[PDB]
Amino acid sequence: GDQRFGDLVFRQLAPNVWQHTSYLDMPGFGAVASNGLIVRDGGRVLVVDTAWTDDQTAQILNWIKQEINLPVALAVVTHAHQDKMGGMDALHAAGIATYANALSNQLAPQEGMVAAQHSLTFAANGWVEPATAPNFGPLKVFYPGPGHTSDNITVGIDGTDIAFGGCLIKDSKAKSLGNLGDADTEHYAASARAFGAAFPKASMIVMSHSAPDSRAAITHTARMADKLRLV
């Protein structure tokens, strides 16, 4: 069910949702896949996360221009690493309004990232303050607590079965939590649980570095976060 387009891969998840996948091409490591989302909200398109690079991200825009051919209203990027924010310059050159967690925008420079144009803020219960996320359509944005990073945010897609965990969640068969250099190892477990609780009906869990999975990815991630906390 995948379709290669250039160095990119696209996979339809529902009538109006597609997974985009890009691969890091650096002379020192293997072809590391990153997943993001494309959502057709009626007469416009919404993007969750860039690709690794500007060119890869423009390649995303081209696939959208070709296969959907509606204007891209906005993008939301889900934390200040390269696999999520590596392509901001491309989104800006294309006139696309960009959003990130305020904390993500604050960390951007230290991380080598260009900041998003607009900053999301969040209630104590983790739900986005609606005024900071205007006209987000079916995108339901939830900050689950520090985990994979301090800033990681998550997105549910109204009207579908899908919730996007970003790099916070790994699939049910993953061996480890991956690079934990930026990780809050104390809150990770609770933050994964908070994600699953925020989207309790979502049956397809989409993540950054595994194929879509069921809810078992959430509990599996939480357990692995608990095992690590206990050492």
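Whichever C-alpha set is largest while still superposing within 1.5 Å between the two forms counts as the rigid core. One-based numbering along the sequence shown.
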Handout entry: Core-aligned Cα RMS comparison in 6 other deposited structures of this protein - stretch that moves more, 25-33 or 159-167
Key = 25-33
Completion exercise
By Cα RMS to this form in 6 other deposited structures of this protein after fitting the core, the stretch ranking higher of 52-60 and 178-186 is 178-186
Handout entry: 12-20 versus 216-224 - which carries the larger mean C-alpha B factor in the record
Key = 216-224
Fill in the blank from the handout: Mean B factor on CA atoms, stretches 55-63 and 166-174, record says higher is 166-174
Practice task
Determine which member of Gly28, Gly43, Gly36, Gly196 has the highest CA B-factor, using the values in the deposited entry.
Solution key: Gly28
Practice task
Divide the modelled residues of the chain into thirds by Cα B-factor and specify which third, lowest, middle or highest, holds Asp83.
Solution key: middle
Handout entry: CA B-factor ranking of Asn69, expressed as a third of its chain
Key = middle
Problem - Third of the chain's Cα B-factor distribution that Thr160 belongs to, per the entry - result: highest
Practice task
Compare the C-alpha B factor of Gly95 with those of the other modelled residues in its chain, then answer lowest, middle or highest third.
Solution key: middle
Handout entry: Third assignment of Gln117 from its chain's C-alpha B-factors
Key = middle
